[PDB]
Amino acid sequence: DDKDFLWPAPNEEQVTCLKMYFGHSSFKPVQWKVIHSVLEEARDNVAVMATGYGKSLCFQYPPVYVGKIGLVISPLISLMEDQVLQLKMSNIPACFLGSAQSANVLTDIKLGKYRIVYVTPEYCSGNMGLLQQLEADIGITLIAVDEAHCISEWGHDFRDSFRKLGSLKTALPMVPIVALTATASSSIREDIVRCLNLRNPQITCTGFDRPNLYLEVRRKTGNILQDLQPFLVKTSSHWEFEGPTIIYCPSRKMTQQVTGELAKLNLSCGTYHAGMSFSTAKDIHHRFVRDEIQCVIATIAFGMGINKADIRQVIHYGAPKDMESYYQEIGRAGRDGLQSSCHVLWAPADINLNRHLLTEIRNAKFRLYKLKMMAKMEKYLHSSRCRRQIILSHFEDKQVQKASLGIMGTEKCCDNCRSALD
């Protein structure tokens, strides 16, 4: 059930609004992540989606729920007109605001009668005072910037009309921005984050099947060097991995132990955990991105905001505690689209320890959410079925699942597919 992934749970008023104005009885997990971050945290977002299926709900739902205004900035005039028309058909007041609009329509926007207002980036930069007035008198729930990759000079479609959207955060500092694009390029994404002046944005990336990620689950011995030796290559008088690697561990103590063994081999590596000083954490991050260290041995604390496309290997040294956390972690591998591998090395004792630590969570609702995330991970680790099929069924839509049927069953899919093949 994908309702298990919704943290925190949507309330009855939110569900009633979804059914009444959008015709859905439930939120998809990625939509809920964006909607909740906007409503409760006013958080900036970068939502990358391979297709337009379920994209508009992320930015249309929040202003409708709070009865305020959502501004949508896009250069796709005909699509914006179609979306305005579909909103009106659902009894949601919406309009395309341009230089040709009537004074009667602009007066109703100023009075807070329209929930969604679509504008071009050119109209937006020429009428900032209007947006400041709307924020002061009504309140803008969010600003959605569609085709956000157009603000990047290294993208395939740079538009100067988008560069000016860099002033949105200075004109409207409390308004969260939801940048939308179909490109999953991590380098283009860094430029979107910077040029729009987004602060700690939540990043989501959905609709991609990623056949370049090989998945394997293997039993551990707990003898660290014995477990990691198959991944190592003797190079001169020291040892190395095939490429940039992240080893995710369940604890700070395990990161020190694993790094200690790899340091004995003079492997280029560093430790990362939330117990380190700010300067030491910055240096490991800096050295990994500059390729001055090949391998980072880390807790869950490492990973977000790393613009690194050539992570060739992710190793989870110990059973992951949470299926959702595992998904974010392996998603950091092979963002350049080249072959990468994601291996879990685990033992039943790791799961028993993980379960004991779960009893330490004081918030009962959160503890149950975490318990459900752990149960999904345990089932995945013990499974003899396709690993890719399990993961996509938990996190992706039916189209992406359907698209993965081409690699499923083949020698490049996962360890279970290779074992079933021969």
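Note that residue numbering follows the sequence shown and begins at 1.
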Legend entry - Mean Cα B-factor comparison, 130 to 138 or 175 to 183, giving the higher one as deposited: 130 to 138
Legend entry - 49 to 57 versus 375 to 383 - which carries the larger mean C-alpha B factor in the record: 49 to 57
Inset, instruction - Have a look at 107, 271, 268, 229 and flag the one whose Cα has the highest B-factor in the entry. - result: 107
Legend entry - Which of 158, 248, 326, 288 ranks first by CA B-factor in the deposited coordinates: 158
Inset, instruction - Using the B-factor values recorded in the entry, state whether the Cα atom of residue 154 falls in the lowest, middle or highest third among the modelled residues of its chain. - result: highest
Inset, instruction - For residue 31, return the chain-relative third of its C-alpha B-factor as stated in the PDB record: lowest, middle or highest. - result: lowest
Legend entry - Chain-relative CA temperature factor third for residue 255: lowest
Inset, instruction - Select lowest, middle or highest to describe the third in which the CA B-factor of residue 197 falls within its chain in this entry. - result: highest
Inset, instruction - Sorting the chain's modelled residues by C-alpha B-factor, tell me whether residue 359 ends up in the lowest, middle or highest third. - result: highest
